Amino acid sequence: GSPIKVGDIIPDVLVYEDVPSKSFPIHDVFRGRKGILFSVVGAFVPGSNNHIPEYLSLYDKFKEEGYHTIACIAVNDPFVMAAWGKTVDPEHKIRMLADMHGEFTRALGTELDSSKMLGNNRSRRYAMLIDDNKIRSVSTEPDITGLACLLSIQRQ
């Protein structure tokens, strides 16, 4: 995947949620609306819950601006992803998207060289603002906090 860029349409690939039989194009999540898409290296991987608490705390602020649709994506199977999501987000404010084959991550160009540590290649951390499947803003470490996310929204 080439360097991501504002104005680009996100890769139109299938992701999974809850169970392997429930898959759908990621475009379904952001079609006709604004939202936030951010990644973690993996469910239960240290660091994966570093930012979720701030996203959750800012939910009504995101919602004020039409960004109540928030999705977390990781290269995991959906059983693991869903179980993890319930532990970090009991009110289910965040859609937990399992990029199970790493297809979205590869298409986006955000593969991590993590096979030695985790068995396969996971995603690097990013956070993006999306509008009808187009990228409005892109951030990477260290600008991947909840706050970082809100300020970008407000600049609009």
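A residue's number is simply how far along the shown sequence it sits, counting from 1.
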key: Entry-level comparison of average CA B-factors, 121-129 and 106-114, reporting the higher stretch   = 106-114
message = Please compare 138-146 with 13-21 and name the stretch with the higher mean C-alpha B-factor in the deposited structure.
response = 138-146
query = residue 66: which third of its chain by C-alpha temperature factor?
reply = highest
query = Against its chain's modelled residues, does residue 28's Cα B factor rank lowest, middle or highest third?
reply = lowest
remark   = Tertile call for residue 91 (CA temperature factor, within chain, third-based) is the middle
